[PDB]
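Undergrad: Quick one: structure below, then a few questions.
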Amino acid sequence: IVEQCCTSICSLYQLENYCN
Amino acid sequence: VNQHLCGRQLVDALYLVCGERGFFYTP
């Protein structure tokens, strides 16, 4: 997360791919 | 520095995007 959503700007689907 | 604020924003966003499902946070 801190490598793909911290450098770039993650969308809502990319953040949902981190949902437990 | 940047990573702490970015992770705070990240956690606050995951809470919303996941809802009652929950999320995992691994820096």
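Undergrad: Could you list, in sequence order, all residues of segment B:3-24 that are facing another protein chain (nearest Cβ under 7 Å) and either farther than 15 Å from A:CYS10 by Cα or in contact (Cβ under 8 Å) with a residue 60 or more places away in the chain (or both)?
TA: Correct list: B:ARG21, B:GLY22, B:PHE23, B:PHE24.
Undergrad: I'm trying to understand the selection: among the residues of segment A:3-20, which are under 8 Å from the mean Cα position of the chain (by Cα), loosely packed, with under 14 Cβ neighbours inside 10 Å and part of a loop (DSSP other than H, G, I, E, B)?
TA: A:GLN4, A:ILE9, A:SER11, A:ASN17
Bear in mind that the values in this text are calculations on the coordinates, not laboratory data. Cβ coordinates were reconstructed from backbone atoms using ideal geometry, including for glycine residues, and neighbour counts include every protein chain displayed.
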